[PDB]
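Colleague: let me see the structure of the following:
(6 chains, ligands or ions: 4)
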Amino acid sequence: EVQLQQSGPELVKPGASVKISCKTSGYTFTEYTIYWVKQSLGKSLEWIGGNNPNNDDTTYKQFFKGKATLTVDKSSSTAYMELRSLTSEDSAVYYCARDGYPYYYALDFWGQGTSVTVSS
Amino acid sequence: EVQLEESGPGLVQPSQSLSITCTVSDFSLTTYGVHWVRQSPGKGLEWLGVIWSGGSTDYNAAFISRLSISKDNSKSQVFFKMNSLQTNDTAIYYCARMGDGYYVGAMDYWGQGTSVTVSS
Amino acid sequence: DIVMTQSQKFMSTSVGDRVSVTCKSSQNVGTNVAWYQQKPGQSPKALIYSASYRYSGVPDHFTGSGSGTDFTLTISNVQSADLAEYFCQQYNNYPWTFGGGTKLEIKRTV
Amino acid sequence: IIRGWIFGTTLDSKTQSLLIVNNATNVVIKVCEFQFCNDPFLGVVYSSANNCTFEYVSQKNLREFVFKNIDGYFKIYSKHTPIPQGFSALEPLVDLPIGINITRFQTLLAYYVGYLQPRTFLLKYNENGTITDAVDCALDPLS
Amino acid sequence: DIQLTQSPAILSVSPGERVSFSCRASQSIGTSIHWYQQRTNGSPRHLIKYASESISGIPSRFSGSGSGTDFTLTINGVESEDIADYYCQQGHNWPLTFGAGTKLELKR
Amino acid sequence: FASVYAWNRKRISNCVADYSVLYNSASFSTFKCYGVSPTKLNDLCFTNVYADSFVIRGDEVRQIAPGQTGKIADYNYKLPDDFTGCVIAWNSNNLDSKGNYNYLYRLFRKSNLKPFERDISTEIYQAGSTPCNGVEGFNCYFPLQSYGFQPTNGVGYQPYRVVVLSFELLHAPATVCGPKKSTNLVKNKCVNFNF
Ligand SMILES: *[C@@H]1O[C@H](CO)[C@@H](O[C@@H]2O[C@H](CO)[C@@H](O)[C@H](O)[C@H]2NC(C)=O)[C@H](O)[C@H]1NC(C)=O
Ligand SMILES: *[C@@H]1O[C@H](CO)[C@@H](O)[C@H](O)[C@H]1NC(C)=O
Ligand SMILES: *[C@@H]1O[C@H](CO)[C@@H](O)[C@H](O)[C@H]1NC(C)=O
Ligand SMILES: *[C@@H]1O[C@H](CO)[C@@H](O)[C@H](O)[C@H]1NC(C)=O
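Modeller: Numbers count the residues shown, from 1 in each chain, chains lettered A, B, ... in the order given. Ligands and ions are numbered 1, 2, ... in the order given. Please see the structure below:
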């Protein structure tokens, strides 16, 4: 009964700021971590990041500086993602996923993804 | 169908002591405490003391040495004794029960108080 | 260090022949991987787990491989809905690194 | 030299074992479990201490002793001698409400060991009330 | 000790319009505040506890907001029965205290 | 006393003491007995008295009850549903005020604790699919955390000392029972007695 929804596509200007929200329904928010990945037009999937739903602890990779901030809110039971300094090539689709610890490891469910396009 | 009733008005002089009877019914006093709050004419509500069924007695800072609270579960009666009557003691004293939850708050309902008149 | 190629860039099979692909690892990292199925356009889908396991949400006619410093994966057969993108997983150190995948084409002949 | 006795049913820490030790100044009683000990700690028991529940502290010659265990109660009857032929009286010393079977016992470091039977006895109380004569009931037709 | 200051002494407004009452604290208390309604010839009635949840039997128009030192009690479409004095009560410190007491006044 | 997760355990046997003087005192904050009425402790008596003592937070006394929820009630101490005893809690803020940081509490565990289980252990808690080794990082948390027992904290944060008493209904010969009252004596009177 778990489902995930996102927003539509958006267009951004070179060197601007945008916001993307990941909404999850069908399960309580503060027990399973939320992960994000990026698919750059049929390229190798890159692990964007992940954050705790309850501890609110967020960790990143060394090749991630550029959007290094995550947050989750319980009022809307969603996760927020924001982009800054869209220079030349971050026009891709971002997938929001959730993993299950008691069973079925490694990010079972995913989302339709939000496609961002950078242009003048 | 719980109700809470107190004694009648007091006709006293500034010198002696007095006792106020607060009686509960239709609910078990052995599981909840009792609060006492006074209200002088032209003055706000002032809390005096609280008694708990576990034999706990707590008093206000300004009335620590001039108050006595007793509980009797045989007839479910609360006795509120005060000494050192003064002119300012003319007020309305409310007795009320302790609600489930946290120590401050849990104020579900109350009881109509007695009118004590002090004059020379 | 961190480098991964899984032995191919694209695979081609015409009809009926069994399809397989490895998920080779670098210097010793351990043995815990997963594979992902990617049809061209929708959200990804996990293919295999821990190189030997079965998915209750998939019509499982599948086979994995063993353990060690190398990996391998095998798929059922060449049906009419198998042309898609493949990826596998490497999660021992926290900076998880993916590979280029390998994209399968139904090699239609004359 | 003869100091203590070890009671129990398995001689292991699995089941509680009664222990009585003389300290040459006081007696200590503990039903706390102790492990197996083939040889006594002569010194010219430190086996184990598991589930230690009860503790008690209290105080030729033929120190007669009679040990009984019925309905979960342990009784020790003692009597000293100034200087085994003769008649003497045995009186109860203490009572221990432990409630444990004990099917075997061991001796810790010459003595005599006997056994009891459910017989019938006749006693002739004195004017002081101290017992001074016992007569069997099935030994002989005269009895 | 701590003290509580009410927003206005007496607020005059017609029934049916949006109203809000403010209580200010000298020291941060988190969410340990309560709102009470006292009518004429009547003792105060508990409206809102902890500024986050309502009380059974209270009309849905009553709501609470704010945390720390500022708290606001908001009512949607004030009615004739709601024209009474309001109190804010704090309990973060051991000696619990009440606010100054704001009075609602009709405009018509 | 000991820590909240590693609660102090005491067994009392072979004594006679009064239980009426407990609730009669003017210092007990919370006194809730479940298996017997509070006023009938002296009348009856049991065997194998067990005392559990620890210190919890001010706003968590309700967690200690048969069949309730809560992180502490599930990962630090859980009371079995078939519990016949009493719970006593009183304020001890002045004892720990500056302020106190030697207290630890369990927050992460794989499953709920067993009834009367003394689960003492240390391990880096895992909260992720990937295995955790070396130093704590993501999905690697320390199950114990400290208390912020600052002296400037009002209700809800002051440390409370809690003692839980349990008893057994005479599985062995009686060892502990309430004291009895002995009256005077008379002579040259037709008197019935039990003695
Ligand atoms: C019980 O025995 C004791 C000693 O064996 C007796 O004690 C004394 O006995 C002599 C008899 O020679 C009397 O003259 C003394 O008066 C006794 N003293 C005391 C303190 O009793 C005692 O008489 C015996 N009692 C009975 C009933 O036989
Ligand atoms: C035995 O006696 C000695 C000295 O009298 C004492 O130090 C020791 O503790 C005793 N052992 C016990 C009581 O077990
Ligand atoms: C001790 O023995 C009693 C006897 O019934 C048993 O209930 C209890 O579990 C035992 N405890 C230990 C630690 O062996
Ligand atoms: C004595 O033996 C009986 C019969 O097996 C057993 O049920 C009982 O537990 C024993 N007593 C003790 C103290 O173990």
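
Colleague: what sits against the residue lying closest to residue A:24 once chain neighbours are set aside?
Modeller: Spatial nearest neighbour of residue A:24, chain neighbours left out: residue A:4 (5.2 Å); criterion: C-beta to C-beta, 6 or more residues apart in numbering or on different chains. Heads up, the C-betas are built off the backbone N, CA and C, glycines and all. By C-beta atoms under 8 Å, 6 or more residues apart in numbering or on different chains, the contact list for residue A:4 reads A:22-25, A:96-98, A:109-112.

Colleague: what about whatever residue of chain C ends up closest to chain A, neighbour count?
Modeller: Closest approach between chain C and chain A, counting by C-beta to the nearest C-beta: residue C:43, at 3.9 Å. By other C-beta atoms under 10 Å in any protein chain shown, the residues close to residue C:43 number 17.

Colleague: my guess is it contacts residue A:108. True?
Modeller: No - taking contacts as C-beta atoms under 8 Å, residue C:43 lies outside contact range of residue A:108: 11.2 Å.

Colleague: tell me where chain D has strands.
Modeller: Counting by DSSP state E, chain D has strands at residues D:5-8, D:19-22, D:27-30, D:55-58, D:64-70, D:73-79, D:91-96, D:104-107, D:121-125, D:131-136.

Colleague: got the CA coordinates for the fourth one in CSV?
Modeller: Included here for strand D:55-58 are C-alpha records, laid out as CSV according to Å, rounded to 0.1, in the frame of the first residue of the first chain:
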residue,chain,number,x,y,z
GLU,D,55,21.9,-17.6,54.2
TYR,D,56,22.1,-18.2,58.0
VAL,D,57,24.7,-17.5,60.7
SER,D,58,24.6,-19.1,64.2
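
Colleague: is ligand 2 within reach of that strand?
Modeller: No - if you take C-beta under 6 Å from any ligand atom as the test, strand D:55-58 misses ligand 2, and the best it gets is 7.0 Å.

Colleague: stretch C:29-39: which residues count as buried?
Modeller: For stretch C:29-39, burial by neighbour count (16 or more other C-beta atoms under 10 Å in any protein chain shown) applies to C:32-38.

Colleague: which of those residues fall within strands?
Modeller: Using DSSP E, C:34-38 are the members of the buried residues of stretch C:29-39 that sit in strands.

Colleague: re earlier: so what sits against both of residue C:43 and residue A:108?
Modeller: Counting by C-beta under 8 Å, 6+ apart, nothing touches both residue C:43 and residue A:108.

Colleague: burial count for residue C:100?
Modeller: 14.

Colleague: ranges for the strands of chain E?
Modeller: Applying DSSP E to chain E gives strands spanning E:4-6, E:10-13, E:19-25, E:33-38, E:45-49, E:53-54, E:62-65, E:70-75, E:85-90, E:97-98, E:102-106.

Colleague: which residues does the second one contact?
Modeller: Residues outside strand E:10-13 that contact it (C-beta under 8 Å, 6+ apart) are E:19, E:21, E:78, E:102-107.

Colleague: got the phi/psi numbers for the residue lying closest to residue F:80 once chain neighbours are set aside?
Modeller: In space, and not counting its chain neighbours, residue F:80 is closest to residue F:115: 3.6 Å by C-beta to C-beta, 6+ apart. Here is the backbone geometry of residue F:115 (degrees, to the nearest 10): phi -60, psi 130.

Colleague: check contacts around residue F:115.
Modeller: For residue F:115, the contacting residues are F:78-80, by C-beta under 8 Å, 6+ apart.

Colleague: find the nearest non-adjacent residue to residue 78, please.
Modeller: Looking at chain A here, since you left the chain open. Residue A:78's closest residue in space is residue A:23 (C-beta to C-beta, 6+ apart), at 4.5 Å.

Colleague: wrong chain, I was asking about chain F
Modeller: residue F:113 (4.9 Å).

Colleague: now residue B:87: how far from residue B:7?
Modeller: Between residue B:87 and residue B:7 the distance, using C-beta to C-beta, to the nearest Å, works out to 21 Å.

Colleague: so those two - more neighbours on which side?
Modeller: More crowded of residue B:87 and residue B:7, by other C-beta under 10 Å: residue B:7, with 16 against 9.

Colleague: test my guess that the more buried one contacts residue B:20.
Modeller: Yes - counting by C-beta under 8 Å, residue B:7 touches residue B:20, with 5.8 Å between them.

Colleague: need the residues touching each of these two.
Modeller: Joint contacts of residue B:7 and residue B:20 (C-beta under 8 Å, 6+ apart) are residue B:114.

Colleague: thinking again about what came up before, quick one: the residue of chain C closest to chain A is in a strand?
Modeller: No - judged by DSSP: H, G, I helix; E, B strand; the rest coil, residue C:43 forms no part of a strand; its state is coil.

Colleague: give the contact list for residue D:21.
Modeller: Taking C-beta under 8 Å, 6+ apart, we find residue D:21 in contact with D:3-4, D:27-28.

Colleague: using CSV, list the CA coordinates for stretch A:99-108.
Modeller: The C-alpha atoms that make up stretch A:99-108 are tabulated as CSV, following Å, rounded to 0.1, in the frame of the first residue of the first chain:
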residue,chain,number,x,y,z
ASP,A,99,14.6,1.1,1.5
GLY,A,100,13.3,-1.6,3.8
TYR,A,101,15.4,-2.8,6.7
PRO,A,102,13.2,-5.7,8.1
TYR,A,103,13.2,-7.3,4.7
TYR,A,104,13.9,-6.7,1.0
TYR,A,105,17.0,-4.6,1.2
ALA,A,106,18.4,-2.2,-1.4
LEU,A,107,15.7,0.3,-2.4
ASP,A,108,12.7,-1.7,-3.5
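
Colleague: near the closest residue to chain B within chain C, how many other residues are there?
Modeller: Minimum separation of chain C from chain B (C-beta to the nearest C-beta) falls at residue C:94, amounting to 41.1 Å. Residue C:94 has 16 neighbours, counted by other C-beta under 10 Å.

Colleague: with residue A:99 instead?
Modeller: Residue A:99 has 18 neighbours, counted by other C-beta under 10 Å.

Colleague: list the contacts of it.
Modeller: Listed by C-beta under 8 Å, 6+ apart, the contact partners of residue A:99 are A:32-33, A:35, A:105-108, F:128-129.
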